[PDB]
Ligand SMILES: [Ca+2]
Ligand SMILES: [Ca+2]
Ligand SMILES: [Zn+2]
Ligand SMILES: [Zn+2]
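Residue numbers (the UniProt record's numbering), protein chains in the order written: chain P, 2 to 97; chain X, 2 to 97.
Structural data, given as structure tokens:
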């Protein structure tokens, strides 16, 4: 009975919780793993452009520099990923 | 070949584009419609709590007050929705 958009959003929460530790936050190695497992085609596109997304994603998204990715920071990362697919649909090359 | 998380994100871009006008932004009536069509169970939960989400969502999310919802503002709205499901998974009542 949930819609597709609702299922999609709930899905990101459960994805998140696949990788958190007991503090409900994601550490650097867990985040790179989350990315390889859940966005391998996104990453591949970047690589083909000469961009290694995982070299700096943790440092870019760990805005408060506590060496963890919290939920708000996780959402911001999903935002960056969404934004690239949005740009592409408007014709930009991927990972622009 | 896209993963579920990748399909989910692409899905939000295409959802967005179901409701935009030629300026690639969503107007107030279109946004309320997007919400009733894609988050009816989210909204229902709110209503049961005495909260009508659509009374103020446009005004809360139209951060630059140009009377449109742009993509960045749309993402922020998805963020609010995600955040409520996250809180719930940690035991909060919905639409808290
Ligand atoms: Ca952090
Ligand atoms: Ca606006
Ligand atoms: Zn959590
Ligand atoms: Zn667009």
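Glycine included, each C-beta is placed from N, C-alpha and C at the ideal position.
**Request:** Provide the residue span of the alpha helix (DSSP H) that contains residue 30 of chain P, from first to last.
**Result:** 29 to 39
**Item:** Residues bridged to residue 70 of chain X [DSSP beta-bridge criterion]
**Value:** X:27
**Asked** Which chain P residues sit within Cβ distance under 8 Å of residue 40 of chain X?
**Response** Neighbours of residue 40 of chain X on chain P, chain order: 4, 6, 7.
**Prompt:** So which residues of chain X does residue 80 of chain P contact, with C-beta pairs closer than 9 Å?
**Reply:** 73, 76, 77, 79, 80
**Request:** Flag residue 86 of chain P as yes if its beta-carbon sits less than 9 Å from any beta-carbon of chain X, otherwise no.
**Result:** yes
**Prompt:** Between the segment 57 to 72 of chain P and the segment 6 to 15 of chain X, are three or more C-beta pairs nearer than 8 Å?
**Reply:** no
**Item:** Which listed residue (X:79, X:40, X:95, X:53) has its alpha carbon closest to that of residue 62 of chain X
**Value:** Relative to the Cα of residue 62 of chain X, the nearest Cα in the group X:79, X:40, X:95, X:53 belongs to X:79.
**Any C-beta of chain P under 9 Å from that of residue 70 of chain X** = no
**Request:** Take residue 71 of chain X and list the residues in its own chain whose beta-carbon comes closer than 7 Å to its own, dropping the five residues that flank it on each side.
**Result:** 26
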